[PDB]
Amino acid sequence: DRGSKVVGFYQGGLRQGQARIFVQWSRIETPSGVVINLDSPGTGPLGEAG
Amino acid sequence: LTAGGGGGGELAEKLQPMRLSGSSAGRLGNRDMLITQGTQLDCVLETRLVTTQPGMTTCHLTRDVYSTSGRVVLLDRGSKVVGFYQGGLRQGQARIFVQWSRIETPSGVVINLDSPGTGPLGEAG
Amino acid sequence: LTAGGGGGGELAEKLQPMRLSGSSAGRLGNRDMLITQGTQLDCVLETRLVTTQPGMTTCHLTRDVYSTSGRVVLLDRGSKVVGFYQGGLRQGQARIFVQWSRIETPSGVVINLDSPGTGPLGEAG
Amino acid sequence: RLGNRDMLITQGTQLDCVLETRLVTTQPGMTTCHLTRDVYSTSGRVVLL
Amino acid sequence: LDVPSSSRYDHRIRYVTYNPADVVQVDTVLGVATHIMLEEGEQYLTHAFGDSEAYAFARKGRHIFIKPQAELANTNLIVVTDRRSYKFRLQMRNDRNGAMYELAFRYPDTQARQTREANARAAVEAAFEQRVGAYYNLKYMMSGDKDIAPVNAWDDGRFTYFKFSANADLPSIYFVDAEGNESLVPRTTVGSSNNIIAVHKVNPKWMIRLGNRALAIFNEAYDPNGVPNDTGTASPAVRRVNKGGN
Amino acid sequence: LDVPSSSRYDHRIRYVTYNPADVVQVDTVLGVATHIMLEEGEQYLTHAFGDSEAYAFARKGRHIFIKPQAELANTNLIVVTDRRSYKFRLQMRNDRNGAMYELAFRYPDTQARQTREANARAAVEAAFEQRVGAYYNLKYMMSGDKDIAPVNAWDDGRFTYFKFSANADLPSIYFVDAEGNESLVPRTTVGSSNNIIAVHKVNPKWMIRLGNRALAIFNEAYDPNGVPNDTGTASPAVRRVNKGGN
Amino acid sequence: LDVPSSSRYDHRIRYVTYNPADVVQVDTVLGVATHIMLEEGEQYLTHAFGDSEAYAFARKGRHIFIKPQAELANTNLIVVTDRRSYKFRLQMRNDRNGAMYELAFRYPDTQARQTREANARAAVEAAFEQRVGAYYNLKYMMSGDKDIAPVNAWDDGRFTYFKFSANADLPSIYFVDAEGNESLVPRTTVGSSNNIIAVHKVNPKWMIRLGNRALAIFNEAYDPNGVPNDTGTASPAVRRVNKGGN
Amino acid sequence: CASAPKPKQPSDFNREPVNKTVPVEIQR
């Protein structure tokens, strides 16, 4: 559903010449109680990685 | 008293598949006695913080924290959270990593939330 | 007398889950005979402190310390606390880590609190 | 709880003594001093030293 | 002496209502195995026979099988589980008529207790759903990027509700304090179509951000006092009680 | 010779009230196993039969199983435990009638101890809540960021109470000394809805901070002498007695 | 021949009063176990029978069981412990009547020893309290930061006492010598509410420090001569004697 | 040349009573 809360994390930090951090989204929670572990990559609005 | 062909080394290693296992959805048991990952607890820092030495922090919840269902107050306001930092900063860093370890409710409830402490908008450290 | 596919190496390693186990809330046993983590004990420093050589410190509680329920005085005022420091300072440091080791009540109660000593506002060291 | 406080001197008790030997730290050595005052127990009722 | 009652389909299946101060009259016969049916989740702890070798005993979890392995067996079986103790008077039948294949228990105490929690859960749900005596504040005004705007915003004195249309994306809502700093506030998504965002605070000003578009919400009837939370829940008709004891 | 009394559902279950200066008459007919039940938490140390070969013994935790293994087995049982020590007079009924399946003990000693401790706890609680002989100081002024202000502040001679409304975030409150330096003061959050912050000190000046807003509280009727704490607790009606002895 | 005395409930339970000068008359019938319970913390060392082959002995901590194992069991038991050695006259009964289940003791020697220690401690505490013939110097002035000042200062010729009010933080008090240097002096906190710091010295001048506030205390009637400590304690009524001998 | 900033100091001009009404926890 919409409003489903997604929780992720990042680590490592950037290196010189980098402008995007790798975020991994870990789990989502539905407003009605459904939890599924999706260990997906977080991207930008058009799918650019990080 | 008592009783008793193998070639194409570069290209064929670049074509090695990445097989990621699927997931199955589950369900949360009682959403009335449950605070889930990613809930934002708003507390007020009590100890002034100086990262010369590893130390322990303390803050108090400013607001009541409700369950996932938003129907029961699970952590009262004024609950005392105890944390710690260590390691100090490196050159170019402006935020210290604080981990909050335990929270004690004014009615006597203690739960070990070993969570990252963030800023007022969730920016890490 | 007596009887006797394996590929995607970088992206797949970056997509490994971080599975943090959940916590379950408990409850404090007797909150009238209990001082909990994060309580601030205000004492007055007796010994002058110079960090050339490792040494032992001493302070006395300025105020009564009540239980976590706020009903019983558990550490009296005037209780002697004994601690120690070691290791000296590094360049750029301006606070010394002091561990407090034991507190003696004016009536004979001794409890081993191996706690971090801080400044008047909770800053470490 | 400390057992007998009339027969006890505890940690953090300050013993005030007066140095006898002049101290020069070129060579490792031994020092000596004498108590200037009576040292009481934690109860403050018996002179232990 | 409590006699197990036969079923109406066949007289060979018997039922008994457990009674901690009574004994089950087991009328066994020659050469049949009797199944004693224990409760789910019972931790069998020990059994004892008054004449052990007269009967054969085997257990698999909560299932009990007995069979007479001798002549003229008139003994007792007592089996203690984690919660209770069972009593049996094993009298053999000489004529081998009217045996006992399954002995099953009925627990008035346990089903009566469960009846209490079913009623209590129903009462708790009814108390949440009645929401009696609520006052609603509607004096809310907005100014900013109106394309991410709600269709309705109100508060009941405890939570603040922003309602969005079906074709709208659900934005992110932020808590704005006196100096203008934004901070996170917890939200829950309610409504049949998940079109309402309920934030767990009443505040004089709110921030709604989505992408690069921002909208400010102003509570024009802010009540600093509010209504106290004496019960531990979101409803005045449900009490949060300390179970843990300890 | 305490002869126990049977249940009404079946004579085979019999109860006796414990007594440290009396024994219990146990009737051990042939072919039955008797269930002697100890109370929860009771730690069995050992036991001793009048004849080890006469009767059968089996213990699992706090459950005693006995059985006559020989004729004319008329002896005594003495089982000692952590708390108490029981005393039995085993005697077989040669007619195989009046069998006993369980011997349930009712303990007046533990009941008396529980009633005494419950009464003492109730007395201590009543003394704490009564709070008689209390004088209240209400002369408090404030100046600063009034948006984080208490709706009430007072003190009772020992603690200072700051009361906040239901829609107010609870701030952090500091202790101000004569030169103006703030320092931590221990805190307890009291009130039916956790709306009162009780600091454990009476002081002329206080600092209330929430974020980047600050409010100064002034006790205009500061009493340096205060009320002496001779009892060791927050109440004059409850003592704090040195249990540890040593 | 200390004959144990039965209880009002059952004759098998008998009580005896220990005596280092009398033997206990223990009556044993065949096939019963007698429980001879020792004292609390009583460390059993060894026992010794008349016949190890007439009586079965079993011990578990402070609990001792015996049993007649032969005809005409007429022997003696002597169980010795660190505190005391017991003594019994074991005479087997040829009728199996008038049995004994437990033997419970009462100890006049232990309570007599306890009353001597209690009397000695009480006498010492009385001597410490009496403090007759005491002269108190009250001429003390003060200059500096009066917010940390005591409400009363005095000395009795041995210690100096500073009394602080209830709402006051207890400061740190320092010894000031003739040149103005400060040094640590041992202190003990006395008074019912811990409101008095007693320092173990009489000095013309003292310095009181709390944070960054200082107060000088001046003894305006300083007695260089004092009252000599001929006893080794704080009171002339209690004498510190050398126990270590050597 | 750099010292850590102090927290905000409250202004002293708007000094007013905290207790507009007696609390009910005093039972008044």
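Residues numbered from 1 in each chain as written, not as in the entry; some residues may be left out. Chains lettered and ligands numbered in written order. Part of a larger assembly, values for the part shown. Heavy atoms only, no water. Residues with missing side-chain atoms left out of burial classes, pairs and counts.

In its metadata, the entry names cryo-EM as the structure determination method and reports 2.93 Å as the resolution.

Another aspect to go through is the overall build of chain B. What chain B contains, in helices and strands, is 1 helix and 9 strands. Counted from the first residue to the last, chain B has its helices and strands arranged as α-β-β-β-β-β-β-β-β-β. Compactness check: chain B gives a C-alpha radius of gyration of 24 Å against a globular reference of 14 Å for 125 residues, more than 25% above the reference. Principal axes of the C-alpha set define a box for chain B whose edges measure 70 × 70 × 50 Å. Buried positions account for 41% of the 125 residues belonging to chain B. Element-wise, carbon and sulfur atoms account for 50% of the exposed surface of chain B, whose accessible area totals about 6700 Å². Counting 12 positive and 10 negative side-chain charges, chain B places the centres of these two groups 2 Å from one another. (Helix = DSSP H or I, 4+ residues; strand = E, 2+ residues; numbered from the N terminus. Rg over C-alpha atoms; globule rule 2.2 N^0.38 Å. Buried < 20%, exposed > 50% of the residue type's maximum accessible area, 1.4 Å probe, protein only. Areas by Shrake-Rupley, 256 points an atom, 1.4 Å probe, with all protein chains shown as cover. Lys, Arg positive; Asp, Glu negative; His and termini not counted. Charge placed at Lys NZ, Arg CZ, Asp CG, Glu CD.)

Let us look at the sheet that holds strand 7 (residues 63–68) of chain F. Whenever strands of a sheet pair, they do so through backbone hydrogen bonds, lying parallel or antiparallel. Residues and elements named next belong to chain F. Read across the sheet, 6 strands follow the order 1-2-10-4-7-6 without closing on themselves; strand pairing throughout is mixed. Of all the strands in the sheet, the pair left with one neighbour each is strand 1 (5–6) and strand 6 (55–60). Note: strand 2 (residues 13–17) against strand 10 (residues 102–106), 5 bridges, orientation parallel. Across the sheet, the residue bridging to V16 is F105, located in strand 10. (Pairing = 2+ DSSP bridges.)

Turning our attention to the environment of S23(C). Inspection of the secondary structure puts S23(C) in the loop between helix 1 (9–14) and strand 1 (26–27). Separated by 56 residues in the primary sequence, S23(C) and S79(C) have C-alpha atoms spaced 37 Å apart. Among the polar contacts made by the side chain of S23(C), one reaches the main-chain carbonyl oxygen of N112(B) at a distance of 2.4 Å. (Polar contact = N/O pair within 3.5 Å; in protein donor to acceptor, adjacent residues only side chain to side chain.)

Assignment of secondary structure puts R63(B) in the loop between strand 3 (58–61) and strand 4 (65–66). There is a polar contact of 3.4 Å between the side chain of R63(B) and the backbone oxygen of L184(E). Only 3.0 Å separates the side chain of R63(B) from the side chain of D169(F), close enough to count as a polar contact. Not counting residues up to four positions away in its chain, the partners in contact with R63(B) are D42(B), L75(B), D76(B), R77(B), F175(E), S183(E), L184(E), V185(E), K201(E) and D169(F). (Contact = heavy atoms within 4.5 Å.)

A few words on the interface of chain E and chain F. Taken residue by residue, the interface counts 37 residues in chain E and 27 residues in chain F. Both faces considered, chain E and chain F share a buried interface measuring about 2500 Å² in area, 50% of it formed by carbon and sulfur atoms. Ranking the residues of chain E by area buried against chain F places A21(E), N76(E) and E179(E) at the top, with a combined share of 17%. The interface formed by chain E and chain F holds 3 salt bridges in total. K201(E) is the salt-bridge partner of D169(F), the closest N and O atoms lying 4.0 Å from each other. Counting the contacts that link chain E with chain F gives 12 residue pairs in polar contact. Breaking the side of chain E that touches chain F down by element, the ones donating at least two residues are strand 5 (44–49), strand 8 (74–81) and strand 9 (85–92) of chain E. (Buried area = accessible area lost by both parts, 1.4 Å probe. Salt bridge = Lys/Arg side-chain N within 4 Å of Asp/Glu carboxyl O.)

To continue, consider the interface of chain G and chain C. Listed as interface residues are 22 residues of chain G and, on the opposing side, 15 residues of chain C. Viewed at the interface, chain C and chain G are joined by 1 salt bridge. In this structure, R63(C) engages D169(G) in a salt bridge whose closest nitrogen and oxygen atoms are separated by 3.2 Å. Along the contact surface separating chain G from chain C lie 12 residue pairs in polar contact. For the side of chain G that touches chain C, the elements supplying multiple residues, two or more each, are strand 5 (44–49), strand 14 (172–176), strand 16 (187–190) and strand 18 (205–210) of chain G. By residue number, the principal contributor to the side of chain G that touches chain C is strand 5 of chain G, which donates 3 residues. A per-class count over the side of chain G that touches chain C returns 11 nonpolar, 8 polar and 3 charged. (Nonpolar A, V, L, I, M, F, W, Y, C, P; charged D, E, K, R; others polar.)

Checked against the element boundaries, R45(D) lands in the segment after strand 2 (33–35). For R45(D), a relative accessible area of 16% corresponds to the buried category. Taking C-alpha positions, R45(D) is 9.3 Å from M7(D), a pair spaced 38 residues apart along the chain. Those residues in contact with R45(D) that lie beyond four places of it in its chain are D6(D), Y40(D), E125(G), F128(G), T233(G) and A234(G). Within the local environment of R45(D), its side chain forms a polar contact with the side chain of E125(G), the two groups lying 2.9 Å apart.

Residues and elements named next belong to chain E. On inspection of all chains with the given rule, the structure shows 41 aromatic pairs over all chains. Ring geometry for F175 versus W206: centroids 6.2 Å apart, planes at 80 degrees, classification edge-to-face. Placement of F175 in strand 14 (residues 172–176) and of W206 in strand 18 (residues 205–210) is noted, with a sequence separation of 31 residues between them. The buried category is assigned to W206, whose relative accessible area is 0%. (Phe/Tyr/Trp six-rings, centres within 6.5 Å; stacked < 30°, edge-to-face > 60°.)

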